[PDB]
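Protein chains in written order, with the authors' numbering: chain A, 19 to 614; chain B, 451 to 549.
Everything on this sheet refers to the single structure shown next.
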Amino acid sequence: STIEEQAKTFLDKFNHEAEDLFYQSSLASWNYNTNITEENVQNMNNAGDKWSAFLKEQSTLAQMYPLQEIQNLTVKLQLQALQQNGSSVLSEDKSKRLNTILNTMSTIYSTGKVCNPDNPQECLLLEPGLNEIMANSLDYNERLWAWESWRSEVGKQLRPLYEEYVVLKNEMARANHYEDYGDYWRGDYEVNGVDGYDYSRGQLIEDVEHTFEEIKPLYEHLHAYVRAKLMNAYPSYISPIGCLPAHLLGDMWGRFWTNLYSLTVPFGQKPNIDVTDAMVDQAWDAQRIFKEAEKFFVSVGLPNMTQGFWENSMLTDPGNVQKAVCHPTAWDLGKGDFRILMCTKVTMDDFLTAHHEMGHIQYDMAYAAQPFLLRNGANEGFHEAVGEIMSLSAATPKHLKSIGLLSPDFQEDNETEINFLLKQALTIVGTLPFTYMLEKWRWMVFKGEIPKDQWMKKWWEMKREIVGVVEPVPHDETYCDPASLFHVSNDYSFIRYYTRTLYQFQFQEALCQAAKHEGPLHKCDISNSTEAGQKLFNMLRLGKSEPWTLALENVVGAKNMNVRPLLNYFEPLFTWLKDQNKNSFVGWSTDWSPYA
Amino acid sequence: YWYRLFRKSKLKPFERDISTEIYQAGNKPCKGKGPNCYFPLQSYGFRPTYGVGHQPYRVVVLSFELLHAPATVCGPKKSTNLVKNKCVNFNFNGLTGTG
Ligand SMILES: *[C@@H]1O[C@H](CO)[C@@H](O)[C@H](O)[C@H]1NC(C)=O
Ligand SMILES: *[C@@H]1O[C@H](CO)[C@@H](O)[C@H](O)[C@H]1NC(C)=O
Ligand SMILES: *[C@@H]1O[C@H](CO)[C@@H](O)[C@H](O)[C@H]1NC(C)=O
Ligand SMILES: *[C@@H]1O[C@H](CO)[C@@H](O)[C@H](O)[C@H]1NC(C)=O
Ligand SMILES: *[C@@H]1O[C@H](CO)[C@@H](O)[C@H](O)[C@H]1NC(C)=O
Ligand SMILES: *[C@@H]1O[C@H](CO)[C@@H](O)[C@H](O)[C@H]1NC(C)=O
Ligand SMILES: [Zn+2]
């Protein structure tokens, strides 16, 4: 006769309907992903349409129960997930316009190609053209040509579309009793209810600013070292004190700095660790790699793979008879169906990717007991962090020596550790400012502090002030540079990566401390340590049923984001950089530009 | 294969219900589905590729007893061979002796 009982019954019905519908959709999607055939596409389309129709029908009936009359803090989260008007607040024509504009943007981004001047019959599409050039070329004019071209052909065909996209998304956000679309995305971290763990939507900005204010010295030293080393490959293109050009960062946009290892290696004479020859000399296969990964995961006390996973999940490419999409992915079809889809080769990179995917599968398997609506991570950053901690822990030389893939007489020196630390730093430390700046610019644009005619005047201005990169050619308001990315042209958030990177090192430090480890953090293996696994389990099985602050506190011991473990992980590299660059200058000035 | 989900009461040992009337959840009187008026019957979705915890189990709950009765059809008894011209302990249909 109350409202709580009616809400409970409604969720009870929805829980049993959604399971069957979602399982049908997921099975159809997997069947399509295995092959490439017309009837599979037809089945996938039918299943997806049915699932979307059911979800839309069930969303409407959930608004009858007021949110203020229910005090349970568990069904309230599910109702809040269901009571959300998706895009129906506006009129039908506006919704149709929004769907059309999104589809047009996606189509424009997907099928964009650039042609070499005076050669209309030779056009490349980035994967083996621009981005390949971007990743494996030491020339100067070619890199600048590709970098300017791709943006010139793509961004101007997306900017007018993006203006209407922003306007309509703001309209929908205000219709949904929010401030803007940026507030709509920041709401993922919002926690209301139980006292002592509240997290307002506006606290995220302050937390991110405070945490980033501490990373600056290490990034400054790394930037100075990279700038000093790159003056040997481009002698007359890098300022002694200026900012690094964005077209010489080994990537189309500068997201990662991994492709600069061959230019900035400290000791090129001593080789790195590569067990590919050991893998080949003992006749290893994909099954052996996967069973070794399973052994590593069971070494810490976690459960192992279900029998069906060894049957329904493909491990190697079928060949020319079939046609699949080789892309690693952990599939949770529901109702006890967990699968891995990856084409495996005998290589160390696959040896680490297997661990990453199996960590994904373990995390998915952890929270199978929770209701359907709560079967996800605490936030949008826990999942990849749990995946990556195992990958970081499994590459230690001690583990390689223990499993017999390395010579027992290989005397590990204090010179290879610097190489490994630098290689890890170039791909971990060098991406946080980029993500932070992109999210800050997007939030400022959505909020309204930046008028429509002052977009790019800020976009290149923040770069020089944060990332230390300068545009090689001037730009006007016609360009839309951020839309060239996959996560900007298509509607996707970007603050996931910063939080994931900050969480992974904190978790690693907590586990290493719990494992009674003595020495530097970079030589830590969580193998043969039960105490290092059970603690992690306390976070694995919670899911979305509890605020992310409580989940983080259950492992690390602190309820707020922290950065000290990240700097502790790179301490000897920091000392070596401090010793090396005593005769150089740290810092950058925003006055030098390549074009002026 | 179907199973009950909603009912406005609890069950008692050895009770069976076949009712198909719609279940009421609100104050207003009900005629047909639509609003808070759900059908109290939902089916399973068994598939051969489910996990161990979701695959169908044929469960004979031998909740058997009801022993007492004018009749007592019985479990089966073992018999052995027969020996003659010798001193043995015999049991014939409950008649027990020696000779
Ligand atoms: C995949 O394709 C092959 C031939 O193209 C066909 O024999 C097989 O049944 C297909 N399987 C699925 C799941 O579509
Ligand atoms: C909230 O409801 C759940 C079941 O939906 C129950 O387990 C829990 O005890 C309830 N909360 C309180 C404080 O009783
Ligand atoms: C949006 O949600 C409100 C309740 O918050 C509801 O009254 C309104 O009809 C909804 N609009 C839709 C579903 O388009
Ligand atoms: C790990 O996998 C092995 C191989 O089947 C199995 O015997 C063992 O029970 C697994 N460990 C756990 C904790 O499930
Ligand atoms: C873990 O312990 C086992 C059993 O003693 C041992 O064989 C293995 O080498 C150990 N692994 C590591 C990484 O020390
Ligand atoms: C390694 O140890 C040696 C000890 O002789 C020391 O001279 C050197 O500075 C240390 N660091 C590197 C990077 O070699
Ligand atoms: Zn991953």
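A virtual CB, placed ideally from N, CA and C, is assigned to each residue, including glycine.
Task: Beta-bridge pairing of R357/A - partner residues as DSSP gives them - done: DSSP output for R357/A lists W349/A as bridge partner(s).
- [ ] Flag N432/A as yes when its Cβ comes closer than 7 Å to any non-hydrogen atom of ligand 6, and as no otherwise.
- [x] Yes, Cβ of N432/A sits closer than 7 Å to a heavy atom of ligand 6.
Task: Cβ-heavy atom distance, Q98/A to ligand 3, below 7 Å - done: For ligand 3, not one heavy atom lies less than 7 Å from the Cβ of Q98/A.
Open item on the list: Quick check on the DSSP output: what are the complete alpha helix (DSSP H) runs of length 4 or more inside the region 548 to 606 of chain A, in order along the chain?
Closed with: Runs of the alpha helix (DSSP H) lying entirely within the region 548 to 606 of chain A and spanning at least 4 residues, in chain order: 549 to 558, 566 to 571, 582 to 587 and 589 to 598.
TODO: List in chain order the residues whose CB is within less than 5 Å of at least one heavy atom of ligand 4.
DONE: Result (chain order): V316/A, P321/A and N322/A.
Open item on the list: Cutting at 6 Å between CB atoms, please list the residues of its own chain near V506/A, excluding the five before and the five after it.
Closed with: Hits under 6 Å: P500.
- [ ] Would you tell me roughly how many angstroms separate the C-alpha atoms of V339/A and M332/A, rounded to the nearest one?
- [x] Each residue's CA atom was taken as its position, placing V339/A and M332/A some 15 Å apart.
Open item on the list: Quick check: what's the CA-CA separation for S425/A versus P415/A?
Closed with: Straight-line Cα distance between these residues: approximately 10 Å.
TODO: Can you have a look at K596/A and say buried or exposed, based on whether 16 or more other CB atoms are within 10 angstroms of its CB?
DONE: The residue in question, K596/A, is exposed, as its Cβ has fewer than 16 Cβ neighbours within 10 Å.
- [ ] Measuring alpha carbon to alpha carbon, tell me which of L439/A, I446/A, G575/A and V485/A ends up nearest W459/A.
- [x] For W459/A, the closest C-alpha among the options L439/A, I446/A, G575/A and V485/A is that of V485/A.
Task: Per DSSP, the bridge partner or partners of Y613/A - done: For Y613/A, which the question treats as bridged, DSSP gives no partner whatsoever.
TODO: To the nearest angstrom, report how far apart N546/A and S317/A are at their CA atoms.
DONE: Rounded to the nearest angstrom, the two C-alpha atoms are 5 Å apart.
Task: Beta-carbon spacing of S44/A, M62/A below 8 Å - done: Not a contact, by the Cβ cut-off of 8 Å.
Task: Beta-carbon contacts of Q221/A that lie in its chain and below 6 Å, excluding the five residues immediately before and after - done: There are no such residues.
Task: Through-space distance from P463/B to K114/A, alpha-carbon basis - done: Approximately 57 Å between the Cα atoms of the pair.
Task: Proximal residues to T496/A (C-beta, below 8 Å), its chain only, five neighbours per side dropped - done: Cβ within range, chain order: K174 and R177.
Task: Helix, strand or coil at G66/A [DSSP, three-state] - done: Secondary structure of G66/A (DSSP, three-state): helix.
TODO: Check the DSSP bridge columns for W452/B and list the partner residues they point to.
DONE: Per DSSP, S493/B.
TODO: Identify each residue in the region 36 to 51 of chain A for which the Cβ-Cβ distance to at least one residue of chain B is less than 9 Å, and report them in chain order.
DONE: Cβ contacts with chain B: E37, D38, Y41, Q42 and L45.
- [ ] Report all residues from its chain with a CB closer than 6 Å to the CB of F327/A; omit the five preceding and five following residues, and keep chain order.
- [x] Here the set comprises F356.
TODO: Round the Cβ separation of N556/A and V573/A to the nearest angstrom and send it over; I've been treating them as touching at under 8 Å.
DONE: 7 Å between Cβ atoms; contact.
Task: Heavy atom of ligand 1 within 7 Å of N33/A beta-carbon - done: Between ligand 1 and the CB of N33/A, the shortest heavy atom gap is not smaller than 7 Å.
Task: Identity of the residue in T434/A, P253/A, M270/A and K313/A nearest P289/A by Cα - done: Comparing Cα positions, the closest option is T434/A.
Open item on the list: For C524/B and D30/A, what's the separation of their Cα atoms in angstroms?
Closed with: So the two alpha carbons sit approximately 47 Å from each other.
Open item on the list: Considering Cα atoms alone, identify which of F314/A, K247/A and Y381/A is closest to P284/A.
Closed with: Selection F314/A, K247/A and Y381/A evaluated against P284/A yields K247/A as nearest (Cα-Cα).
- [ ] At 9 Å on the CB atoms, spell out the chain B contacts of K31/A, in chain order.
- [x] Residues of chain B with a Cβ closer than 9 Å to the Cβ of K31/A are, in chain order, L455, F456, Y488 and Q492.
TODO: To the nearest angstrom, report how far apart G354/A and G501/B are at their CA atoms.
DONE: Per the coordinates, the alpha-carbon of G354/A lies some 4 Å from the alpha-carbon of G501/B.
Task: Environment of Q325/A [buried if 16+ CB atoms lie within 10 Å] - done: Exposed, by the Cβ-count rule.
Open item on the list: Any heavy atom of ligand 1 closer than 7 Å to the beta-carbon of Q340/A?
Closed with: Yes; taking the cut-off as 7 Å, the Cβ of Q340/A has a heavy atom of ligand 1 nearer than that.
TODO: Compile a chain-ordered list of the residues in the region 343 to 371 of chain A whose CB is closer than 7 Å to at least one CB of chain B.
DONE: The residues in question are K353, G354 and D355.
Task: Coil, strand or helix - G482/B by DSSP - done: Three-state result, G482/B: coil.
Open item on the list: Is the separation between the beta-carbon of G405/A and that of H378/A shorter than 8 Å?
Closed with: Result yes, Cβ atoms of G405/A and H378/A sit closer than 8 Å.
- [ ] Give a yes or no on whether the minimum CB-CB distance between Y451/B and chain A is below 8 Å.
- [x] Answer no: the Cβ-Cβ gap between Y451/B and chain A never drops below 8 Å.
Open item on the list: Please state the DSSP three-state secondary structure of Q522/A.
Closed with: In the structure shown, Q522/A sits in a helix (DSSP, three-state: H, G or I).
Open item on the list: Given a cut-off of 8 Å on the beta-carbon distance, is the pair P490/B and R454/B in contact?
Closed with: Yes, they are a contact pair.
TODO: Examine the Cβ distances between the region 185 to 196 of chain A and the region 537 to 546 of chain A and report whether three or more of them are shorter than 8 Å.
DONE: Contact between the region 185 to 196 of chain A and the region 537 to 546 of chain A is absent: fewer than 3 CB-CB pairs across the two stretches fall below 8 Å.
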